[PDB]
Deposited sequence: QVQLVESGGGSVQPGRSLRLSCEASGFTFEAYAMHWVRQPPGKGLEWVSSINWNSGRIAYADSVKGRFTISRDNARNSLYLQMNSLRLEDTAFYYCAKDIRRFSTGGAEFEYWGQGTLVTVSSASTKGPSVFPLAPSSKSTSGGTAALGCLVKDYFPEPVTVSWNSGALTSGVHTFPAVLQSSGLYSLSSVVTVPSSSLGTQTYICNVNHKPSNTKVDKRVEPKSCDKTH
């Protein structure tokens, strides 16, 4: 099964540079043209760049021509996108995509996409979150993940053993320039003295991972 994992995202200052990478497996990478597509959060889709199987053919969208350089390493099943002179409007999820055709040279048909890496172009500096408990027939509890930058945080419960009833809310930007969000879950009231509830908070841009036990208060 085809797999595509982008990395290199995070926040970067306007005017500076950032190099994104994509790791591929589950197909013959050196037989396929590869593509970058981007999407600013909450918006539509915009093709960025294409490179064919042997790097003999390369194309760019006008919005990035002269600033971005696409490249690949067939020996390492890897696709690269060097981005220079970044502007705020380059803020976006960057997706890696594998063409449907073998050994094509022109155009672009997007068959499989990686889940994307988020690039935040900003003057703000990177900051890890604080995690606070939202303490408890049905009971609600959760965690409050406050004052971090940039997006994203992911939240699981009991390490993925608890999915039913979970709402992790879209983050919102506070007037302070930091993000905040809550993840909550509804569970049986009968379980609160017996069942342990831990939210697992992950903020890759700051290399922060937090397991927060959420208990009923005194």
Task: Stretches with no C-alpha atoms in the model, relative to the deposited sequence starting at 1 - done: 137-143, 226-230
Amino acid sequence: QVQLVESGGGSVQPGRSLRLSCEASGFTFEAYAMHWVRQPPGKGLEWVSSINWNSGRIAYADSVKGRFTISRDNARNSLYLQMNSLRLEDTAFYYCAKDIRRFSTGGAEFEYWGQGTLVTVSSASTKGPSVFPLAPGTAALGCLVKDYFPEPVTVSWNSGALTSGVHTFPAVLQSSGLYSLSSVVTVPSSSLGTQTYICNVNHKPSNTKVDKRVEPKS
From here on, numbers count along this sequence of modelled residues.
- [ ] On mean C-alpha B-factor from the PDB entry, just flag whether 170-178 or 189-197 is the higher one.
- [x] 189-197
Open item on the list: If you average the CA temperature factors as listed in the entry, which stretch comes out higher, 157-165 or 40-48?
Closed with: 157-165
Open item on the list: Highest Cα temperature factor in the entry, among the options 88, 141, 79, 119: which one is it?
Closed with: 141
- [ ] Relative to the other modelled residues of the same chain, rank the CA B-factor of residue 109 and answer lowest, middle or highest third.
- [x] middle
Task: Entry-reported Cα temperature factor of residue 69, expressed as the chain third it lands in - done: lowest
Open item on the list: Among the modelled residues of this chain, does the Cα B factor of residue 96 put it in the lowest, middle or highest third?
Closed with: lowest
Task: Ranked against its chain, the third holding the CA B-factor of residue 149 - done: lowest
Task: Entry-reported Cα temperature factor of residue 27, expressed as the chain third it lands in - done: middle
